[PDB]
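Raw final29.pdb, PDB, C-alpha atoms:
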MODEL        1
ATOM      1  CA  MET M   1     204.415 309.262  97.480  1.00  0.00           C
ATOM      2  CA  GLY M   2     206.328 306.905  99.876  1.00  0.00           C
ATOM      3  CA  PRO M   3     206.106 303.478 101.651  1.00  0.00           C
ATOM      4  CA  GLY M   4     203.241 304.565 104.002  1.00  0.00           C
ATOM      5  CA  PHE M   5     201.084 305.516 100.967  1.00  0.00           C
ATOM      6  CA  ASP M   6     202.268 302.287  99.197  1.00  0.00           C
ATOM      7  CA  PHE M   7     200.918 300.039 102.026  1.00  0.00           C
ATOM      8  CA  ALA M   8     197.677 302.150 102.259  1.00  0.00           C
ATOM      9  CA  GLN M   9     197.106 301.816  98.470  1.00  0.00           C
ATOM     10  CA  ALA M  10     197.633 297.979  98.559  1.00  0.00           C
ATOM     11  CA  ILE M  11     194.885 297.698 101.280  1.00  0.00           C
ATOM     12  CA  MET M  12     192.468 300.081  99.472  1.00  0.00           C
ATOM     13  CA  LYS M  13     192.823 298.391  96.029  1.00  0.00           C
ATOM     14  CA  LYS M  14     191.985 294.826  97.243  1.00  0.00           C
ATOM     15  CA  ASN M  15     190.316 295.052 100.709  1.00  0.00           C
ATOM     16  CA  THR M  16     187.682 297.918 100.480  1.00  0.00           C
ATOM     17  CA  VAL M  17     184.141 298.183  99.073  1.00  0.00           C
ATOM     18  CA  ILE M  18     181.688 301.099  99.155  1.00  0.00           C
ATOM     19  CA  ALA M  19     178.886 300.253 101.663  1.00  0.00           C
ATOM     20  CA  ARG M  20     175.538 302.168 101.617  1.00  0.00           C
ATOM     21  CA  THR M  21     173.000 301.997 104.505  1.00  0.00           C
ATOM     22  CA  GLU M  22     169.992 304.324 105.249  1.00  0.00           C
ATOM     23  CA  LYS M  23     172.542 306.415 107.261  1.00  0.00           C
ATOM     24  CA  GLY M  24     174.917 307.095 104.263  1.00  0.00           C
ATOM     25  CA  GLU M  25     177.848 305.859 102.120  1.00  0.00           C
ATOM     26  CA  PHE M  26     180.870 304.451 104.074  1.00  0.00           C
ATOM     27  CA  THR M  27     184.313 303.079 103.318  1.00  0.00           C
ATOM     28  CA  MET M  28     184.084 299.357 104.342  1.00  0.00           C
ATOM     29  CA  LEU M  29     187.253 297.257 105.065  1.00  0.00           C
ATOM     30  CA  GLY M  30     187.027 293.557 104.090  1.00  0.00           C
ATOM     31  CA  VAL M  31     189.153 291.485 106.527  1.00  0.00           C
ATOM     32  CA  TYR M  32     188.834 287.810 105.347  1.00  0.00           C
ATOM     33  CA  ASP M  33     186.289 285.512 103.593  1.00  0.00           C
ATOM     34  CA  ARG M  34     182.967 287.487 103.446  1.00  0.00           C
ATOM     35  CA  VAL M  35     183.660 289.347 106.754  1.00  0.00           C
ATOM     36  CA  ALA M  36     184.009 293.168 106.778  1.00  0.00           C
ATOM     37  CA  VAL M  37     183.852 296.029 109.348  1.00  0.00           C
ATOM     38  CA  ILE M  38     181.967 299.376 109.417  1.00  0.00           C
ATOM     39  CA  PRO M  39     181.277 302.006 112.126  1.00  0.00           C
ATOM     40  CA  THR M  40     178.309 300.939 114.298  1.00  0.00           C
ATOM     41  CA  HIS M  41     176.522 304.327 113.622  1.00  0.00           C
ATOM     42  CA  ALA M  42     176.074 303.075 109.984  1.00  0.00           C
ATOM     43  CA  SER M  43     173.085 301.086 111.536  1.00  0.00           C
ATOM     44  CA  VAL M  44     173.512 297.977 109.347  1.00  0.00           C
ATOM     45  CA  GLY M  45     170.208 296.122 108.716  1.00  0.00           C
ATOM     46  CA  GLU M  46     169.120 292.897 106.934  1.00  0.00           C
ATOM     47  CA  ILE M  47     170.071 294.380 103.485  1.00  0.00           C
ATOM     48  CA  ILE M  48     173.074 296.642 102.573  1.00  0.00           C
ATOM     49  CA  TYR M  49     174.362 298.027  99.195  1.00  0.00           C
ATOM     50  CA  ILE M  50     177.951 296.899  98.328  1.00  0.00           C
ATOM     51  CA  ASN M  51     179.400 298.810  95.278  1.00  0.00           C
ATOM     52  CA  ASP M  52     175.669 299.670  94.502  1.00  0.00           C
ATOM     53  CA  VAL M  53     174.608 295.930  94.477  1.00  0.00           C
ATOM     54  CA  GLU M  54     171.765 294.802  96.822  1.00  0.00           C
ATOM     55  CA  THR M  55     173.397 292.365  99.335  1.00  0.00           C
ATOM     56  CA  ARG M  56     171.828 290.229 102.146  1.00  0.00           C
ATOM     57  CA  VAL M  57     173.542 290.622 105.545  1.00  0.00           C
ATOM     58  CA  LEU M  58     174.137 287.057 106.895  1.00  0.00           C
ATOM     59  CA  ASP M  59     175.223 288.354 110.368  1.00  0.00           C
ATOM     60  CA  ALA M  60     176.029 291.722 112.019  1.00  0.00           C
ATOM     61  CA  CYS M  61     177.485 292.157 115.510  1.00  0.00           C
ATOM     62  CA  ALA M  62     178.022 295.575 117.193  1.00  0.00           C
ATOM     63  CA  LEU M  63     181.121 294.988 119.375  1.00  0.00           C
ATOM     64  CA  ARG M  64     181.282 296.074 123.060  1.00  0.00           C
ATOM     65  CA  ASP M  65     184.084 295.490 125.594  1.00  0.00           C
ATOM     66  CA  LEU M  66     183.677 293.207 128.631  1.00  0.00           C
ATOM     67  CA  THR M  67     182.477 296.247 130.724  1.00  0.00           C
ATOM     68  CA  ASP M  68     179.561 296.482 128.146  1.00  0.00           C
ATOM     69  CA  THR M  69     181.055 299.752 126.680  1.00  0.00           C
ATOM     70  CA  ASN M  70     180.558 300.611 122.942  1.00  0.00           C
ATOM     71  CA  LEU M  71     183.655 299.977 120.719  1.00  0.00           C
ATOM     72  CA  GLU M  72     181.928 301.533 117.560  1.00  0.00           C
ATOM     73  CA  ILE M  73     182.925 298.505 115.332  1.00  0.00           C
ATOM     74  CA  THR M  74     180.240 296.384 113.658  1.00  0.00           C
ATOM     75  CA  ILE M  75     181.477 293.077 112.087  1.00  0.00           C
ATOM     76  CA  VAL M  76     179.337 292.236 109.058  1.00  0.00           C
ATOM     77  CA  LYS M  77     179.200 288.937 107.152  1.00  0.00           C
ATOM     78  CA  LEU M  78     178.000 289.613 103.539  1.00  0.00           C
ATOM     79  CA  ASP M  79     176.105 287.214 101.221  1.00  0.00           C
ATOM     80  CA  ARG M  80     178.664 288.022  98.506  1.00  0.00           C
ATOM     81  CA  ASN M  81     179.916 285.638  95.763  1.00  0.00           C
ATOM     82  CA  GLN M  82     183.622 286.507  96.317  1.00  0.00           C
ATOM     83  CA  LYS M  83     186.018 286.430  99.332  1.00  0.00           C
ATOM     84  CA  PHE M  84     188.374 289.180 100.457  1.00  0.00           C
ATOM     85  CA  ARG M  85     192.133 288.689 100.555  1.00  0.00           C
ATOM     86  CA  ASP M  86     192.886 287.544 104.136  1.00  0.00           C
ATOM     87  CA  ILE M  87     194.574 290.533 105.877  1.00  0.00           C
ATOM     88  CA  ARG M  88     194.250 289.331 109.527  1.00  0.00           C
ATOM     89  CA  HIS M  89     198.106 288.995 109.809  1.00  0.00           C
ATOM     90  CA  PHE M  90     198.293 292.859 109.385  1.00  0.00           C
ATOM     91  CA  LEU M  91     196.120 293.437 112.547  1.00  0.00           C
ATOM     92  CA  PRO M  92     197.814 294.409 115.800  1.00  0.00           C
ATOM     93  CA  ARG M  93     197.418 292.060 118.789  1.00  0.00           C
ATOM     94  CA  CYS M  94     197.372 294.761 121.561  1.00  0.00           C
ATOM     95  CA  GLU M  95     196.325 298.405 122.222  1.00  0.00           C
ATOM     96  CA  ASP M  96     199.192 300.727 121.179  1.00  0.00           C
ATOM     97  CA  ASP M  97     200.424 304.186 120.002  1.00  0.00           C
ATOM     98  CA  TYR M  98     201.776 304.539 116.392  1.00  0.00           C
ATOM     99  CA  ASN M  99     203.968 306.887 114.345  1.00  0.00           C
ATOM    100  CA  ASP M 100     203.314 308.127 110.777  1.00  0.00           C
ATOM    101  CA  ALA M 101     199.776 306.811 110.014  1.00  0.00           C
ATOM    102  CA  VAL M 102     197.681 307.259 106.801  1.00  0.00           C
ATOM    103  CA  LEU M 103     193.874 307.595 106.681  1.00  0.00           C
ATOM    104  CA  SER M 104     192.492 306.297 103.322  1.00  0.00           C
ATOM    105  CA  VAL M 105     188.870 306.807 102.068  1.00  0.00           C
ATOM    106  CA  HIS M 106     187.096 305.575  98.998  1.00  0.00           C
ATOM    107  CA  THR M 107     183.494 306.810  98.375  1.00  0.00           C
ATOM    108  CA  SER M 108     181.473 308.486  95.534  1.00  0.00           C
ATOM    109  CA  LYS M 109     182.255 311.838  97.362  1.00  0.00           C
ATOM    110  CA  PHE M 110     185.983 311.122  98.123  1.00  0.00           C
ATOM    111  CA  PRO M 111     187.576 308.630  95.625  1.00  0.00           C
ATOM    112  CA  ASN M 112     191.243 307.530  96.039  1.00  0.00           C
ATOM    113  CA  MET M 113     191.720 309.852  99.047  1.00  0.00           C
ATOM    114  CA  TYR M 114     194.859 309.407 101.249  1.00  0.00           C
ATOM    115  CA  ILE M 115     195.686 311.678 104.266  1.00  0.00           C
ATOM    116  CA  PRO M 116     199.000 311.516 106.162  1.00  0.00           C
ATOM    117  CA  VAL M 117     197.765 312.069 109.777  1.00  0.00           C
ATOM    118  CA  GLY M 118     201.107 311.652 111.626  1.00  0.00           C
ATOM    119  CA  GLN M 119     201.281 310.460 115.257  1.00  0.00           C
ATOM    120  CA  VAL M 120     198.405 308.307 116.601  1.00  0.00           C
ATOM    121  CA  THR M 121     197.715 308.388 120.409  1.00  0.00           C
ATOM    122  CA  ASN M 122     196.070 305.501 122.330  1.00  0.00           C
ATOM    123  CA  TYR M 123     193.398 307.958 123.607  1.00  0.00           C
ATOM    124  CA  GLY M 124     191.154 305.326 125.282  1.00  0.00           C
ATOM    125  CA  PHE M 125     187.819 306.763 126.461  1.00  0.00           C
ATOM    126  CA  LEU M 126     185.809 309.153 124.201  1.00  0.00           C
ATOM    127  CA  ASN M 127     182.247 310.501 124.574  1.00  0.00           C
ATOM    128  CA  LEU M 128     181.456 309.932 120.862  1.00  0.00           C
ATOM    129  CA  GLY M 129     178.184 311.640 119.774  1.00  0.00           C
ATOM    130  CA  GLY M 130     177.037 311.300 123.439  1.00  0.00           C
ATOM    131  CA  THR M 131     177.959 307.519 123.557  1.00  0.00           C
ATOM    132  CA  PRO M 132     180.778 306.438 125.986  1.00  0.00           C
ATOM    133  CA  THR M 133     183.270 304.600 123.710  1.00  0.00           C
ATOM    134  CA  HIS M 134     186.527 302.703 124.505  1.00  0.00           C
ATOM    135  CA  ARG M 135     189.709 301.787 122.526  1.00  0.00           C
ATOM    136  CA  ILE M 136     189.780 305.154 120.612  1.00  0.00           C
ATOM    137  CA  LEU M 137     192.882 306.159 118.614  1.00  0.00           C
ATOM    138  CA  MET M 138     193.389 309.944 118.112  1.00  0.00           C
ATOM    139  CA  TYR M 139     195.289 311.893 115.362  1.00  0.00           C
ATOM    140  CA  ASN M 140     195.678 315.696 115.227  1.00  0.00           C
ATOM    141  CA  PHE M 141     194.025 316.147 111.786  1.00  0.00           C
ATOM    142  CA  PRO M 142     190.765 318.077 111.168  1.00  0.00           C
ATOM    143  CA  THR M 143     188.936 315.161 109.455  1.00  0.00           C
ATOM    144  CA  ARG M 144     185.363 315.998 108.263  1.00  0.00           C
ATOM    145  CA  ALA M 145     182.002 314.233 107.583  1.00  0.00           C
ATOM    146  CA  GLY M 146     182.084 311.511 104.842  1.00  0.00           C
ATOM    147  CA  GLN M 147     185.429 309.932 105.980  1.00  0.00           C
ATOM    148  CA  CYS M 148     183.722 307.479 108.459  1.00  0.00           C
ATOM    149  CA  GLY M 149     184.904 303.870 107.843  1.00  0.00           C
ATOM    150  CA  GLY M 150     188.213 305.266 106.462  1.00  0.00           C
ATOM    151  CA  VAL M 151     191.125 302.808 106.987  1.00  0.00           C
ATOM    152  CA  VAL M 152     193.986 303.851 109.293  1.00  0.00           C
ATOM    153  CA  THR M 153     197.303 302.113 108.464  1.00  0.00           C
ATOM    154  CA  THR M 154     200.981 302.269 109.199  1.00  0.00           C
ATOM    155  CA  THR M 155     203.726 300.511 107.178  1.00  0.00           C
ATOM    156  CA  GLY M 156     202.794 296.854 107.698  1.00  0.00           C
ATOM    157  CA  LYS M 157     199.724 297.350 109.993  1.00  0.00           C
ATOM    158  CA  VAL M 158     195.946 298.004 109.625  1.00  0.00           C
ATOM    159  CA  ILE M 159     195.219 299.614 113.018  1.00  0.00           C
ATOM    160  CA  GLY M 160     191.682 301.140 112.968  1.00  0.00           C
ATOM    161  CA  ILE M 161     188.647 302.609 111.156  1.00  0.00           C
ATOM    162  CA  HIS M 162     187.756 306.346 111.353  1.00  0.00           C
ATOM    163  CA  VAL M 163     184.559 306.904 113.489  1.00  0.00           C
ATOM    164  CA  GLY M 164     184.475 310.686 114.245  1.00  0.00           C
ATOM    165  CA  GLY M 165     186.108 314.093 114.776  1.00  0.00           C
ATOM    166  CA  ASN M 166     185.811 317.378 116.782  1.00  0.00           C
ATOM    167  CA  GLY M 167     186.888 319.766 113.934  1.00  0.00           C
ATOM    168  CA  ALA M 168     190.605 319.703 115.085  1.00  0.00           C
ATOM    169  CA  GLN M 169     191.172 315.970 116.010  1.00  0.00           C
ATOM    170  CA  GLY M 170     190.007 312.749 114.285  1.00  0.00           C
ATOM    171  CA  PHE M 171     189.199 309.484 116.101  1.00  0.00           C
ATOM    172  CA  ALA M 172     189.377 305.814 114.985  1.00  0.00           C
ATOM    173  CA  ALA M 173     188.137 302.576 116.628  1.00  0.00           C
ATOM    174  CA  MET M 174     191.001 300.050 117.168  1.00  0.00           C
ATOM    175  CA  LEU M 175     191.098 296.876 115.114  1.00  0.00           C
ATOM    176  CA  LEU M 176     192.575 293.937 117.071  1.00  0.00           C
ATOM    177  CA  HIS M 177     193.492 290.473 115.755  1.00  0.00           C
ATOM    178  CA  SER M 178     191.266 288.913 118.523  1.00  0.00           C
ATOM    179  CA  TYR M 179     188.070 290.370 116.930  1.00  0.00           C
ATOM    180  CA  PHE M 180     188.464 288.045 113.849  1.00  0.00           C
ATOM    181  CA  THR M 181     189.506 284.625 115.267  1.00  0.00           C
ATOM    182  CA  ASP M 182     187.184 282.088 113.502  1.00  0.00           C
TER     183      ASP M 182
ENDMDL
END

Go ahead and express the file in the form of structure tokens.
Amino acid sequence: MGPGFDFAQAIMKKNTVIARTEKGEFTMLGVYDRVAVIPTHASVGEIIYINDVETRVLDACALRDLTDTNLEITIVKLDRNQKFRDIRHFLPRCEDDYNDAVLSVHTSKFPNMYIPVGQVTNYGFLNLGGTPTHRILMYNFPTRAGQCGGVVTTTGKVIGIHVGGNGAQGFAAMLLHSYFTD
């Protein structure tokens, strides 16, 4: 409908796959080469389904900050025959607040879904499903089950992946450029 949705659509069309684990179907953001991200509660194992194709996991790392607190991001390297478009230059370098964000989801249940969520707060600490979690972004939109792994964007930036909600608010884990230095 406008330039926010335009940027969101460009990321969804080239940099997402549908990931399936024993814990469900998730939107998965490809970042560069064969490296992607997914919420840690997806419980990635040695094998994952990517667009319904059986795929070996070459590496998976559940990120924690330097205080050994959960960040809810798992970085996965996939034994896939094709690289993602490199989108690391769209990642923010520091923790920040944002205006006018879009949450975009692509699953069997919610295809081609875009949600304008408005203002995004640097919320910080969240008790997420009983797990102390840091670097949480918050938006005042009643996001529901199935939208986990959803990409949060602004015009020109990919800022986070959806990891939960409380029925009134939705929460995303920050993506930072420093996670994907190779």

Write out as a Markdown table a residue-level contact list of region 88-143 of chain M versus region 25-32 of chain M with cut-off 8 Å: for each qualifying residue the closest pair of atoms and the distance in Å to one decimal, counting only C-alpha atoms, rows sorted by chain and residue number upward.
| residue | atom | partner | partner_atom | distance |
| --- | --- | --- | --- | --- |
| M:88 | CA | M:31 | CA | 6.3 |
| M:105 | CA | M:27 | CA | 6.0 |
| M:106 | CA | M:27 | CA | 5.7 |
| M:107 | CA | M:27 | CA | 6.2 |
| M:108 | CA | M:25 | CA | 8.0 |

Restricting it to C-alpha atoms, dump the selection as a PDB file, in the frame of the given file.
ATOM      1  CA  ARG M  88     194.250 289.331 109.527  1.00  0.00           C
ATOM      2  CA  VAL M 105     188.870 306.807 102.068  1.00  0.00           C
ATOM      3  CA  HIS M 106     187.096 305.575  98.998  1.00  0.00           C
ATOM      4  CA  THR M 107     183.494 306.810  98.375  1.00  0.00           C
ATOM      5  CA  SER M 108     181.473 308.486  95.534  1.00  0.00           C
TER       6      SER M 108
END

Item to complete: Using all atoms listed in the file, determine which residues lie at most 10 Å from residue 171 (chain M), disregarding the query and same-chain residues fewer than 2 positions distant; provide the list as a VMD selection string.
Response: chain M and resid 120 to 121 123 126 128 136 to 141 143 148 160 to 166 169 173 to 174

Create the file for the chosen residues now, containing C-alpha atoms and written as a PDB file, in the frame of the given file.
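Printed below is out_14.pdb as written:
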ATOM      1  CA  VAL M 120     198.405 308.307 116.601  1.00  0.00           C
ATOM      2  CA  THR M 121     197.715 308.388 120.409  1.00  0.00           C
ATOM      3  CA  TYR M 123     193.398 307.958 123.607  1.00  0.00           C
ATOM      4  CA  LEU M 126     185.809 309.153 124.201  1.00  0.00           C
ATOM      5  CA  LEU M 128     181.456 309.932 120.862  1.00  0.00           C
ATOM      6  CA  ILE M 136     189.780 305.154 120.612  1.00  0.00           C
ATOM      7  CA  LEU M 137     192.882 306.159 118.614  1.00  0.00           C
ATOM      8  CA  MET M 138     193.389 309.944 118.112  1.00  0.00           C
ATOM      9  CA  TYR M 139     195.289 311.893 115.362  1.00  0.00           C
ATOM     10  CA  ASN M 140     195.678 315.696 115.227  1.00  0.00           C
ATOM     11  CA  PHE M 141     194.025 316.147 111.786  1.00  0.00           C
ATOM     12  CA  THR M 143     188.936 315.161 109.455  1.00  0.00           C
ATOM     13  CA  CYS M 148     183.722 307.479 108.459  1.00  0.00           C
ATOM     14  CA  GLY M 160     191.682 301.140 112.968  1.00  0.00           C
ATOM     15  CA  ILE M 161     188.647 302.609 111.156  1.00  0.00           C
ATOM     16  CA  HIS M 162     187.756 306.346 111.353  1.00  0.00           C
ATOM     17  CA  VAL M 163     184.559 306.904 113.489  1.00  0.00           C
ATOM     18  CA  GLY M 164     184.475 310.686 114.245  1.00  0.00           C
ATOM     19  CA  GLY M 165     186.108 314.093 114.776  1.00  0.00           C
ATOM     20  CA  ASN M 166     185.811 317.378 116.782  1.00  0.00           C
ATOM     21  CA  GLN M 169     191.172 315.970 116.010  1.00  0.00           C
ATOM     22  CA  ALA M 173     188.137 302.576 116.628  1.00  0.00           C
ATOM     23  CA  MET M 174     191.001 300.050 117.168  1.00  0.00           C
TER      24      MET M 174
END

Practice prompt. Using the chain letters and numbering of this document, enumerate as a ChimeraX atom specification the residues selected by the PyMOL selection byres ((chain M and resi 63) around 12).
Written response: /M:37-41,60-62,64-76,133-135,173-176,178-180

Item to complete: Run through the PyMOL selection byres ((chain M and resi 157) around 12) on the given coordinates and return the selected residues as number ranges by chain.
Response: M: 4, 7-8, 10-11, 87-93, 96, 98-102, 151-156, 158-160, 174-177

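Residue nearest residue 36 (chain M), chosen from M:144, M:23, M:109, M:85 and counting all atoms listed in the file: M:85.
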
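When only C-alpha atoms are used to compute distances to residue 53 (chain M), the closest of the residues M:172, M:18, M:94, M:35 turns out to be M:18.
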
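Reported to one decimal place, the separation of CA of residue 14 (chain M) from CA of residue 111 (chain M) is 14.6 Å.
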
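With distances taken over only C-alpha atoms, M:20 is the one residue among M:13, M:56, M:83, M:20 lying closest to residue 146 (chain M).
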
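With distances restricted to all atoms listed in the file, M:116 is the closest residue to residue 2 (chain M) from M:150, M:81, M:116, M:168.
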
Discussion item. Report, in Å to a single decimal, how far apart CA of residue 51 (chain M) and CA of residue 86 (chain M) are.
Written reply: 19.7 Å

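Between CA of residue 48 (chain M) and CA of residue 130 (chain M) lies a distance of 25.8 Å.
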
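The residue that comes closest to residue 57 (chain M), out of M:145, M:113, M:44, M:78 and on the basis of only C-alpha atoms, is M:78.
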
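Counting all atoms listed in the file, the residue from M:12, M:3, M:167, M:47 that sits nearest to residue 149 (chain M) is M:12.
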
Using the file's own x, y and z axes, what box holds all listed atoms of region 10-13 of chain M with 6 Å on each side, keeping edges along x, y and z, and what are its centre and edge lengths in Å to one decimal, as JSON?
{"center_x": 195.1, "center_y": 298.9, "center_z": 98.7, "size_x": 17.2, "size_y": 14.4, "size_z": 17.3}
